[PDB]
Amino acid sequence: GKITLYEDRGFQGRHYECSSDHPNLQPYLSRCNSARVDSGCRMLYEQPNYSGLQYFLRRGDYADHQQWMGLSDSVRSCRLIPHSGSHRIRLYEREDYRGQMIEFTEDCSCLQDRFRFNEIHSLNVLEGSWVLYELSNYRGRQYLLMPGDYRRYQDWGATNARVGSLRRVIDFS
């Protein structure tokens, strides 16, 4: 579904509508302080080409960048996160799919209660899209994880391997 991004808060000012991924919004927004997500979850990125801080958005009207927990009004690229009927993800202790491992099909608010490691060094997203969080309780930096192979933590754009919680990307009905 469509997302409309607005330069000013409260859905005011210069705006830009897009139906899918966009690697560089710099030409259409110099800043972003509000957004309307019609349907279909989005990940917003502070920097072009899907880097910088990431923020997860389900459908809804966001009148201020703080409504998506944005630390700033920089939105320079965006992904449409594909809907999925099921979710499956394998997490490994070590790089390149080695060490202790654990597989999830549901959300988990404290990874360490279930898996005695503070870090995840590789993972395989078998079905669905997920959001991984630096800390437990869905706190800290956010990382979008779509289907695919992730042999080291850099492959999900993180600067370290800390992971404390994870959630399946599911839009409201």
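The first residue of the shown sequence is 1; numbering continues from there.
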Q) Can you tell me which stretch has the higher mean Cα B-factor, 157-165 or 12-20? A) 12-20
Q) Once you work out the mean C-alpha B-factor for both 21-29 and 147-155 from the entry, which is higher? A) 21-29
Q: Could you check 64, 46, 38, 134 and tell me which one carries the biggest Cα B-factor in the deposited entry?
A: 38
**Q.** Peak C-alpha temperature factor (PDB record), options 121, 42, 141, 116
**A.** 116
Q: Within this chain's modelled residues, let me know which third the CA B factor of residue 54 belongs to: lowest, middle or highest.
A: lowest
Q. Taking the C-alpha B-factors as the PDB entry records them, is residue 84 in the lowest, middle or highest third of its chain?
A. highest
